[PDB]
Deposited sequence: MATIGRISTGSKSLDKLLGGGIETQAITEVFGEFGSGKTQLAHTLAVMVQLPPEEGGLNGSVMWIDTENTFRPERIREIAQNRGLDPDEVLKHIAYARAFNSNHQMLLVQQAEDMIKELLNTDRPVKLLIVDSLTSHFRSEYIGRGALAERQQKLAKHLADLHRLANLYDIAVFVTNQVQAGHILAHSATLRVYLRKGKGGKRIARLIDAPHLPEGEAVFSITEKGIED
């Protein structure tokens, strides 16, 4: 099946990404606290709902939140300022809070049920966000022997997510607060804060050599 692309809202970042984040892939953004990862996630949750000629996939969203950082009013603001109805956009985001890493695993299994339900409707799920991917694993698996065990549990979780992306033609987008550990995302994007409120993105271990630059605005993110 053809790969779909979801615009991030920033032309600069879209170019770095070859047009946007891909379906049939896991895109992981990583960076320090406050680097813009969750604002990117909020923006993508709106952009995917746009028609394809505007950078979306006419798609629904599923969001798994591990840190209570999803903000419905921020979705509404981004939607309103990009021409979409805020209540419609919010209605098409299925939101769940993961209590711990085991509940996070169960929520990925439940996501498959809703993905199947919507698959052949006019707004199938096209984006699954996990924010943050690693936070529960980091708190629960700690100390001597935890590196191997945490990495194994993480890799299985990522395998489950890859299967949903590939079987159902969904973009999986995950955030990670950042060690020389192995990773298993399709594409890793390093985000950082820059001068004058800008954010800088670089592809890691990849594709375009260069850096994209964007801002956080009432439209979510943009150049």
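- In sequence order, the deposited residues that have no C-alpha coordinates form the ranges 1, 180 to 182, 211 to 212.
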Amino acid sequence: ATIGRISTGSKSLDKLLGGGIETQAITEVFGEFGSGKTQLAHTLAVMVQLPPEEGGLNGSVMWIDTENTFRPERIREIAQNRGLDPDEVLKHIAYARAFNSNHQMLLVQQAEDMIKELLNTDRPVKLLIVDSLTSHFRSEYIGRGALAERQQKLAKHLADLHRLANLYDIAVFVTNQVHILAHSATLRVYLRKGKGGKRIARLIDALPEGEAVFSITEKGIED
From here on, numbers count along this sequence of modelled residues.
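- When the mean C-alpha temperature factors of 98 to 106 and 80 to 88 are read from the deposited coordinates, 80 to 88 comes out higher.
- Looking at mean Cα B-factors across 189 to 197 and 56 to 64, the upper value is held by 189 to 197.
- Of the candidates 181, 50, 164, 41, the deposited coordinates give 181 the top C-alpha B factor.
- Per-chain ranking of the deposited C-alpha B factor places residue 33 in the highest third.
- Ranked against the other modelled residues of its chain, the C-alpha B-factor of residue 75 as given in the entry falls in the lowest third.
- In the deposited entry, the Cα temperature factor of residue 46 sits in the bottom third of values across the chain's modelled residues.
- Among the modelled residues of its chain, residue 111 has a C-alpha B-factor that falls in the middle third, as given in the PDB entry.
- Per the deposited record, the Cα B-factor of residue 158 falls in the middle third when ranked against the other modelled residues of its chain.
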